[PDB]
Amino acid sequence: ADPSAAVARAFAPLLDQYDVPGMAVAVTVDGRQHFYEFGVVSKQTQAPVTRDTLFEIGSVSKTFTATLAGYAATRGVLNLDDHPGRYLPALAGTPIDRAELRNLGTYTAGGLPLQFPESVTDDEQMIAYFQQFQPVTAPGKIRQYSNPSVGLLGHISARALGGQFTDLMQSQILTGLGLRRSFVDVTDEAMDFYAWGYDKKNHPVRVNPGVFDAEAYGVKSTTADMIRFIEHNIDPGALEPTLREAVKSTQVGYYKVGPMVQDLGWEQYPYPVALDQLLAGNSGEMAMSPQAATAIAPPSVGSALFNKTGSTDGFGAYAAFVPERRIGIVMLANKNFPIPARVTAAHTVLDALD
């Protein structure tokens, strides 16, 4: 039940192998938290990574956006079967308005691309982009991983709840979950803890501003906070009912897509799971290309694993947990290094428990 030896074998070699300046890992095993840090937050300062170092989690942010959408749905300010035009009047009657909010959250809205075109740089251009978008397939049939897609779901969740996404996410979700060192906008105080990321040429970088950045990939967090978030997902029973249902809402499977099941936010697998099936579900093809999606009833009994990868130009992250086993792991790193290496390391550690 002690993950330390497995973490040292699985994670420590990664820094030299992928030229990663710094990395933080936390494992939870039946409520006991284990923290491991490697390397440095900055090549210039050489200050050590700690469990309180802020890293960009990239698309792991979509699990928080799903939680916000689940909070909105539990409150009844929105329904996942609604269409965008009920909340954004300028989108009523447009082709994307055939999609339901559930399709936006599962990347099945009709072929929204990975990223906005470079010409979309503000809210006006965002509205016009969605008005003009011509879907390449019917909703619910094709999964195409998409930042604009989950971005729009977060924008609509904020509009429904009657506030700014950043303020709602910070106050109702992050603070509500006890994540007091997690931010969409890092405060002046917490800035001292924010690592630098290191791009392909080893230049220090942080995530650039973009449309729907906060909504799709903009959270900064620490392993101390992210392991608490994972523990909420493992057992949300201690949460106040609104947040409890918001968390549970991210664990409902909606589509079978080959070896993986698509939730809002999380992606799920049976457990135990062969690493090969986890690698297949987390492949580059899965993230880059259209995949046939089959609507299913939610799987619900026995053991399941939930995960989400995330990256920015300078950072890489991975989170995975198994509620029935009360085990979970998060890795945050200040280099975007290959997802298969992240998944393999994390799977090896979880497999070594029991």
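One-based numbering along the sequence shown.
query: Which is higher on average in the deposited entry, the C-alpha temperature factors of 288 to 296 or of 34 to 42?
result: Mean CA B-factor is higher for 288 to 296.
- prompt: Per the PDB record, is the mean Cα temperature factor higher over 197 to 205 or over 88 to 96?
  reply: Averaging CA B-factors over each stretch, the winner is 88 to 96.
- prompt: What's the residue among 114, 78, 278, 230 with the greatest CA temperature factor in the PDB record?
  reply: That would be 78, according to the entry.
- prompt: Between 174, 216, 274, 126, which one tops the list for C-alpha B-factor in the PDB entry?
  reply: Each of 174, 216, 274, 126 was compared by C-alpha B-factor; the highest is 126.
Chain thirds of CA B-factor: placement of residue 266: It belongs to the lowest third of the chain when residues are ordered by C-alpha B-factor.
field: CA B-factor ranking of residue 67, expressed as a third of its chain
entry: Tercile = middle for this residue's CA B-factor.
- request: Report the third (lowest, middle or highest) to which the CA temperature factor of residue 182 belongs, ranking only the modelled residues of the same chain.
  value: Middle third by C-alpha B-factor.
message: Looking at the temperature factor on the CA atom of residue 192, which third of the chain's modelled residues does it land in?
response: According to the entry, residue 192 has a C-alpha B-factor in the chain's middle third.
message: Among the modelled residues of this chain, does the Cα B factor of residue 242 put it in the lowest, middle or highest third?
response: For residue 242, whose C-alpha B-factor we compare with every modelled residue in the chain, the answer is the middle third.
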